[PDB]
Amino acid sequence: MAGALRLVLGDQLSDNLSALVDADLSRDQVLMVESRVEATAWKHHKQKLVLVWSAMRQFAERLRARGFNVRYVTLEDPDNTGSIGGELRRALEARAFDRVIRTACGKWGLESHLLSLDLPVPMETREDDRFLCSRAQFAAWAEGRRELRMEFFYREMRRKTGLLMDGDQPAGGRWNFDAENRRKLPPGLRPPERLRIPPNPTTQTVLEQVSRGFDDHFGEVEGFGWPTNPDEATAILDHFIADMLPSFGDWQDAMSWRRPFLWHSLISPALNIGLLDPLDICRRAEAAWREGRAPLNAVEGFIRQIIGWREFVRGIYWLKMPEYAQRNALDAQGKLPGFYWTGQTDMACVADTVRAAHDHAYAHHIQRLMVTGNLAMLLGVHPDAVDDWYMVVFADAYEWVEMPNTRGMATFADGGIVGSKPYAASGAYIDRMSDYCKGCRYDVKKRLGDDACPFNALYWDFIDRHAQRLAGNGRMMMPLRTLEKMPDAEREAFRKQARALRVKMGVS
């Protein structure tokens, strides 16, 4: 008869959050905290701080307008303890409560902490059911599988959700329409201009606080164009579905110099904090095919990324922590080159990717995978140091998605749990998929010398370094026989060049 305290964290900004469902407005209180612990665990991009705190304050006001009683603690409050647990206690001290109700969060370490808290009232923890597959459902699907393959989990999610399903058949007779026949942009095709969101009043206010109080943090705040509330988020989605979706998948893997968005949806920072719903997004993409406004190959490619990849990696994260975060399968011990932070390198592809991280707190998937992720693998950078960079630079960054993608798909530090094979590549891939190398001072045709592209000698040194480990999986066969036909004086030459590059780059 004292009511409940309902905690809401900065990535839980949904009216349908499980902790808010079943609220008694006359008795309960909602707790929302701007936490310097969370905001400095990594020194997150200036644009991530603005996004989350702008969204939080606006989410708080919408709650108040519905009759909710909201205890909102700002980062300028001088009694703010700084932490979620500290502010839980101080709130329970301020009035009587029957219990604390919360929704499981997206960081194993913080989830583990809150479950252990000694509190003077009971605490109920509810599954986050905004996701389409629960933690328990994933564990059940994975039980007894020797390896975990996304394609098979994706078929399960199509049947469970009914997306692109005509009865019990996949639409168009096939599950997947991905063709390995994709290419760079035509020279005359300029990519469209994307809708950016000018800052509303609340967002402007938080941008000034962040520019003064968090100046030591990575990235530029000028140009902030991310959506901070469901109306702004819905406008982004509308623009993607109407103008971009029909050409999605034609260009999902292309890269173009100083055009950082291309035809991608740019929804991840909003989806990851609750401003959009995964199911609603997919249903509006399906209806676009159903009504003749987009081709099926483009709509399936997009839906695959959300009910397939995004659900798959979260499942892996919760199934395999806390040990997943400690695996270093290739014994990588190198340091991270400084140009990851500064962008000061003559490799035009790396430089363009870091520039986008700095200026927009965003780069698109193939750059995260095949440029900065691939490079870190080949250089042999310690995965702890790669995780720290990815968690800093991107506006969408959370551990449950960053880890399996970075420590798994991009760098094989998990030994193939998420992907199935190292996604290693030489400069020839980047040249095929981009317009970068023509403007690069390096020569993508050469492997040795001071003008050679660093990806070429490094690729082969990586293959040579791990030839034996990679021999036992079986999807790496072409590169191994090609290494096998290499005379020894040819191998020694690239081993020497790759060694030279690691010193040059400040890795070892």
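Residue indices: 1-based, along the sequence shown. Rigid core here is just the name for the largest C-alpha set that superposes within 1.5 Å across the two forms.
Which of the two stretches, 305 to 313 or 179 to 187, moves more in 4 other deposited structures of this protein when the core is held fixed, judged by C-alpha RMS distance?
Between 305 to 313 and 179 to 187, greater C-alpha deviation in 4 other deposited structures of this protein belongs to 179 to 187.
Using only C-alpha atoms and the B-factors in the entry, which stretch averages higher, 446 to 454 or 43 to 51?
Looking at the recorded C-alpha B-factors, 446 to 454 comes out higher on average.
Where do the C-alpha atoms have the higher mean temperature factor in this entry, in 181 to 189 or in 218 to 226?
Comparing 181 to 189 with 218 to 226, the higher mean C-alpha B-factor belongs to 181 to 189.
Among 29, 482, 35, 58, which residue carries the highest C-alpha B-factor recorded in the PDB entry?
The C-alpha B-factor peaks, among 29, 482, 35, 58, at 482.
Between 404, 122, 260, 106, which one tops the list for C-alpha B-factor in the PDB entry?
Of the candidates given, the C-alpha B-factor peaks at 122.
Comparing against every modelled residue in the chain, figure out the third that the C-alpha B-factor of residue 349 lands in (lowest, middle or highest).
Answer is middle: the recorded C-alpha B-factor places it there.
With respect to C-alpha B-factor, does residue 412 fall in the lowest, middle or highest third of the chain as deposited?
It falls in the middle third of the chain.
Select lowest, middle or highest to describe the third in which the CA B-factor of residue 206 falls within its chain in this entry.
Within its chain, residue 206 is a middle-third residue by C-alpha B-factor, going by the deposited values.
What third of its chain, lowest, middle or highest, does the C-alpha temperature factor of residue 423 fall into?
Tercile = highest for this residue's CA B-factor.
Where does the C-alpha B-factor of residue 318 rank in its chain, lowest, middle or highest third?
Its C-alpha B-factor, which the entry lists for residue 318, ranks in the middle third among residues of this chain.
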